[PDB]
Structures are given as structure tokens and as C-alpha cells.
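Here you get one chain, nothing else, as C-alpha cells; it is the form deposited in one PDB entry.
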């Protein structure tokens, strides 16, 4: 968990950015391991809570944390996903096949099912935060807003409105500041829409308040060009307004699993 600055080599190749600072490529002497390194009072605590979350997670479809390091700045060292964010990948690879997209989103649902079973809420589940190891292997990243649910609660209640990916959030998150695995299922439906639309932003041209209003009229994003009906149906089921009737990830993962090898068989 605590790592040696001596065994880390940072390259000059930036992989990400944000309010936190920067994400750079690097090498860690184990064989050496190629790593993505998140480099940074508020920030440090957020970084440490993130690391403390990833450390508890063990699944093939979640990005693994190598550990943390206090050098020049606080730094969080993760496994590298060489093909990078899913949205960018699909934007520059417009010919990826439909079967292939189904395979990737099914993988993310296997990861989220695990997260659900582990009682963690992700709270930033978007195509940008799905990283490709190869063309056929997706992992979930960015646990910076994520929460371990208390043993007696099925949701996390935020005290104030943070800096939030509002177009990926469910009505109970916007309205009640309440975040559950089911809230992540809503996010998942948007992420699926992004994937089948080859990395286009959702609710394009629209402010957060206009999205809220659209969602309130019972309106929903249209079906992406070339997107299978069964997958748009699943999207729409993820966008069930009422948290109580919206599926969980076990249900969502099974739907995808089944449809995926219907297709694989075709």
C-alpha cells in the first residue's frame, strides 16, 4: 500500500487530468509493471479515501491499485489500461462492432455487480471512467466519489451538492442526495448509450437543469444509430425513474450476459 519512490519511474506522458491535478504514465519495479499514476488539504484526503476504497476491491473488471506514495506530491499508483478511456477509444475507432460493444458493456456490468455485492457505490460511472486493457477487455476506474455503504443503510447521503456528473445521475441523487447501487444502475444506462453512440456525450447541447426537466416529462434519450432494440430496452429499464422498480446489477448483468451470447451465436 505504501510504495517506494525509488522503485517508481514517471514518464512524460499524461493520461488524465482534473481538479486533483494530473495522471501520468510510469513504471514500478515489482518484473516492472506499467502504471497510471494519479498525482495531486481537501485533495489529499480525497486521494487517501479513494486508495482506501480501491484497496478493498478485487475483481477482473475493476482497475487494481498498486499502492500510494508520498513524494513531491501525494500519488496513487494503479495498473495501466493501455487503450485508455472507452469514450475516446470509440470516438477514434468508429468501426468497432456491435457485438464488441455488447462485450465491453457486459464486462462493466460484471464489475458493477461485484461492486454492488461488496456494498460500494461508485457515483461516477460514465464511459470516460471505463478503461480498455485491450479491444476486448474493459475495467472500471475513477473511485474518487465512491463510497462504502454503512452496514445498516442501502445508500449514501451526501450533505451538500458536490461537483457532480449530473447527466449520469438518477432522479433520487439530484432530488434527495441519495446514492445506491440502483443509482449506479441509472448511470450504467447512460454509459451504455454512450458506448452504443461511439463515445458521444449524452444530452448534448443541454444544461443539467434542462436534463432534469426532460427526465421529469418522462422523456429519454433516443436509440443510437445501429443500436440493437434489446439493448435500447435495457437502457430504458436502467432509466426507471422510481428507484424501487429499477433493476439491480445482478438483473442487468444477466440480461446482457444472455443477449451477448445470443449475438455471439449469430
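Numbering follows the first chain given and starts at 1.
Keep in mind that the form deposited with a small molecule bound is missing from the display, and what follows is about it.
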Which of 95 to 103, 134 to 142, 170 to 178, 149 to 157 lines the interface with the small molecule in the bound PDB entry (heavy atom within 4.5 Å): 134 to 142
Any non-hydrogen atom of residue 80 within 4.5 angstroms of the small molecule in the bound PDB entry: yes
Distance check, residue 235 to the small molecule in the bound PDB entry, heavy atom within 4.5 Å: no
is_contact(residue 231, the small molecule) in the bound PDB entry, heavy atom dist at most 4.5 Å: no
Residue 16 within 4.5 Å of the small molecule in the bound PDB entry, heavy atoms: yes
